[PDB]
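For reference, the chains in residue letters:
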Amino acid sequence: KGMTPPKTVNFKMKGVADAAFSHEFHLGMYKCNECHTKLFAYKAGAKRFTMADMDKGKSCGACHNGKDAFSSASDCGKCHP
Ligand code: HEC
Ligand code: HEC
Ligand code: HEC
């Protein structure tokens, strides 16, 4: 609650399995300001992005571009368990 990062943030959607983001994992390499507010709001579901947006470097795609981290264009299961 509040400004505390949830261990896991879920993204609901139809068709594909919901996506999941782990603060626990990412906090092992990044500080809050490396993602907030430039990439994400300090509020879940405030702004929704698509896989296409990620392909353009937005949302998860800002890092999951095949160079900084595994591409968001593949490995669907990694983020949609
Ligand atoms: C990028 C790798 C992140 C880092 C580093 C941190 N956060 Fe985060 N946070 C991130 C995402 C992808 C999301 C989900 C956004 C969405 O569209 O749903 C979040 C969300 C939060 C929230 C809101 C949670 C909620 O409303 O239930 C908070 C309060 C939050 N994050 C806090 C936070 C803090 C304080 C961090 C440093 C310890 C931190 N996050 C790092 C991505 C990333
Ligand atoms: C983590 C780096 C991801 C990978 C790899 C894939 N997806 Fe994803 N997807 C992810 C998130 C966090 C979200 C929600 C973002 C938000 O702000 O709501 C999504 C969303 C989708 C959606 C809905 C939007 C759209 O593009 O139509 C679908 C249908 C979806 N994702 C499918 C999908 C498939 C099939 C993937 C492999 C080719 C894939 N995603 C990978 C995070 C990540
Ligand atoms: C850069 C600031 C990142 C943002 C924004 C997001 N992720 Fe990430 N993620 C990043 C790195 C450098 C790594 C490690 C290297 C690699 O390629 O794996 C990761 C890893 C993940 C993982 C796997 C975790 C594990 O158990 O090994 C997942 C499933 C993942 N990232 C998902 C994810 C989603 C859904 C994001 C958008 C909401 C997201 N990441 C943003 C760097 C960054």
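Residues numbered from 1 in each chain as written, not as in the entry; some residues may be left out. Chains lettered and ligands numbered in written order. Heavy atoms only, no water. Residues with missing side-chain atoms left out of burial classes, pairs and counts.

For this entry, the PDB record names X-ray crystallography as the structure determination method and reports a resolution of 1.70 Å.

This paragraph deals with the overall build of the protein chain. Scanning the protein chain from N- to C-terminus turns up three helices and two strands. The N-to-C order of helical and strand elements in the protein chain reads β-β-α-α-α. A principal-axis box enclosing the C-alpha atoms of the protein chain has dimensions of 30 × 30 × 20 Å. Across the protein chain, every contact between residues at least 6 apart in sequence was considered, and the portion connecting residues at least 24 apart equals 28%. (Helix = DSSP H or I, 4+ residues; strand = E, 2+ residues; numbered from the N terminus. Contact = heavy atoms within 4.5 Å.)

Every protein donor of the iron atom of ligand 2 is accounted for by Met51 (SD) and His80 (NE2), and the metal-donor separations fall at 2.0 to 2.3 Å. Considering all six donor atoms around the iron atom of ligand 2, the spread of angles at the metal, 87 to 179°, places the coordination shape in the octahedral class. In this pair, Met51 is assigned in helix α2 (residues 51-55) and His80 in the segment after α3 (76-79), connecting sequence segments 29 residues apart. Here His80 falls in the buried class, since its relative accessible area comes to 17%. (Donors = N, O, S within 2.8 Å, 3.2 Å for Na, K, Ca; no water. Tetrahedral: all angles 85-135°; square planar, octahedral: opposite > 155°, others 65-115°. Buried < 20%, exposed > 50% of the residue type's maximum accessible area, 1.4 Å probe, protein only.)

Take the coordination of the iron atom of ligand 3 next. In the first shell of the iron atom of ligand 3, the protein supplies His26 (NE2) and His64 (NE2), at 2.0 Å from the metal. Taking the relative accessible area as the measure of exposure, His64 reaches 14% and is therefore buried.

What follows concerns the site of ligand 1. In the vicinity of ligand 1 there are 22 residues, among which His23, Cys32, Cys35, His36 and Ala44 approach most closely. Contact between ligand 1 and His23: a nitrogen atom at 2.8 Å from a side-chain N or O atom of the residue. A distance of 2.9 Å separates an oxygen atom of ligand 1 from a polar backbone atom of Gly45. Among the residues forming the shell around ligand 1, the class breakdown is 13 nonpolar, six polar and three charged. (Near = heavy atom within 4 Å. Polar contact = N/O pair within 3.5 Å; in protein donor to acceptor, adjacent residues only side chain to side chain. Nonpolar A, V, L, I, M, F, W, Y, C, P; charged D, E, K, R; others polar.)

Next up on the list: the site of ligand 2. By nearness alone, 21 residues border ligand 2, and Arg48, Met51, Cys76, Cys79 and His80 come closest of all. Measuring from an oxygen atom of ligand 2, one finds a backbone N or O atom of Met51 at 2.8 Å. Note that a nitrogen atom of ligand 2 is positioned 2.7 Å from one of the side-chain N or O atoms of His80. Grouping the constituent residues of the shell around ligand 2 by class yields 12 nonpolar, six polar and three charged.

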